[PDB]
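Q: For reference, the structure I am asking about is given below.
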Amino acid sequence: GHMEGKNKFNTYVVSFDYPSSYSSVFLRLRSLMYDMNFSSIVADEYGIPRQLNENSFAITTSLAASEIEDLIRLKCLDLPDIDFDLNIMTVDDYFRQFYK
């Protein structure tokens, strides 16, 4: 079996965009994140376990960015409705914007 290849679990960050009026709605989607492989903490480039629970989140997946998107957006069928827009990026790409 192809255990190889996907022996490299990467680390991504997802930046969700949505107005605060949908926070009550989004609480469903957030619960989906942690039900999935997403996390609230990830180490930065220095090595500090950062909290993401502002706006972005992280995941140890190795699928592609638009694959993470599809994963999340198909979980939107659980929640009522929220116009959210997410940007997947790698964790490194994330912390390079938000510093110490």
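Identifiers in the structure tokens: chain A, B, ... in order shown; residue index from 1 per chain; ligand index from 1 in order shown.
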Excluding same-chain residues fewer than 3 positions from residue 54 (chain A), what lies within 10 Å of it counting only C-alpha atoms, as a ChimeraX atom specification?

A: /A:15-16,40,51,57

Q: With a distance cut-off of 7 Å and only C-alpha atoms, select the neighbouring residues of residue 42 (chain A), excluding the residue or stretch itself and same-chain residues fewer than 3 positions from it, and output the selection as number ranges by chain.

A: A: 49-51, 58

Q: Using only N, CA, C and O atoms, please write the residues we just selected to a file, as an mmCIF file, in the first residue's frame.

A:
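Dumped to again26.cif:
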```cif
data_model
loop_
_atom_site.group_PDB
_atom_site.id
_atom_site.type_symbol
_atom_site.label_atom_id
_atom_site.label_comp_id
_atom_site.auth_asym_id
_atom_site.auth_seq_id
_atom_site.Cartn_x
_atom_site.Cartn_y
_atom_site.Cartn_z
ATOM 1 N N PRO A 49 4.549 27.890 20.274
ATOM 2 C CA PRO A 49 3.185 27.429 20.041
ATOM 3 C C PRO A 49 2.207 28.604 20.063
ATOM 4 O O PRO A 49 1.872 29.142 21.120
ATOM 5 N N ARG A 50 1.817 29.028 18.912
ATOM 6 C CA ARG A 50 0.926 30.146 18.754
ATOM 7 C C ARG A 50 -0.500 29.702 18.726
ATOM 8 O O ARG A 50 -0.810 28.608 18.250
ATOM 9 N N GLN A 51 -1.355 30.543 19.222
ATOM 10 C CA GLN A 51 -2.768 30.338 19.124
ATOM 11 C C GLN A 51 -3.224 30.955 17.846
ATOM 12 O O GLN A 51 -2.741 32.006 17.435
ATOM 13 N N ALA A 58 -4.849 25.957 11.932
ATOM 14 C CA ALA A 58 -3.812 25.149 11.285
ATOM 15 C C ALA A 58 -4.267 23.732 11.125
ATOM 16 O O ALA A 58 -5.233 23.325 11.754
#
```

Q: Once DSSP has gone over the backbone, tell me which residues of chain A are in helix (DSSP H, G or I), as a ChimeraX atom specification.

A: /A:20-35,65-77,91-95

Q: In Å, with one decimal, what is the gap from CA of residue 1 (chain A) to CA of residue 35 (chain A)?

A: 26.5 Å

Q: Quick one: DSSP strand (DSSP E) residues in region 28-63 of chain A, as a PDB file with C-alpha atoms, in the first residue's frame?

A:
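Result went into states_22.pdb, see below:
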```pdb
ATOM      1  CA  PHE A  38      -7.498  21.339  12.285  1.00  0.00           C
ATOM      2  CA  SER A  39      -5.915  22.730  15.447  1.00  0.00           C
ATOM      3  CA  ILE A  41      -2.115  25.914  18.223  1.00  0.00           C
ATOM      4  CA  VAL A  42       0.874  25.497  15.933  1.00  0.00           C
ATOM      5  CA  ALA A  43       4.508  26.443  16.373  1.00  0.00           C
ATOM      6  CA  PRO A  49       3.185  27.429  20.041  1.00  0.00           C
ATOM      7  CA  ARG A  50       0.926  30.146  18.754  1.00  0.00           C
ATOM      8  CA  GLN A  51      -2.768  30.338  19.124  1.00  0.00           C
ATOM      9  CA  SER A  56      -6.730  31.574  11.250  1.00  0.00           C
ATOM     10  CA  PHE A  57      -6.304  27.903  12.143  1.00  0.00           C
ATOM     11  CA  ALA A  58      -3.812  25.149  11.285  1.00  0.00           C
ATOM     12  CA  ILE A  59      -3.898  21.613  10.052  1.00  0.00           C
TER      13      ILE A  59
END
```

Q: Please report the interatomic distance between CA of residue 30 (chain A) and CA of residue 5 (chain A) in Å with one decimal.

A: 28.9 Å

Q: Which residues are near residue 80 (chain A)? Cut-off 12 Å, only C-alpha atoms, ignore same chain within fewer than 2 positions. Put them as a ChimeraX atom specification.

A: /A:22-29,75-78,82-83

Q: May I ask for the distance between CA of residue 46 (chain A) and CA of residue 99 (chain A), given in Å to one decimal place?

A: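 According to the coordinates, CA of residue 46 (chain A) and CA of residue 99 (chain A) are separated by 9.7 Å.
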
Q: Please provide as a list in words all residues within 12 Å of residue 90 (chain A), with the sequence filter that same-chain residues fewer than 5 positions apart are discarded (counting only C-alpha atoms).

A: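 Once the adjacent positions are removed, what remains is residues 9, 10, 11, 12, 13, 14, 15, 42, 44, 45, 56, 57, 58, 59, 60, 61, 62, 63, 64, 65, 68, 95, 96 and 97 of chain A.
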
Q: Could you check the closest approach to residue 71 (chain A) for each of A:52, A:85, A:32, A:47 and tell me which residue wins, using only C-alpha atoms?

A: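 Of all the options, A:32 lies closest to residue 71 (chain A).
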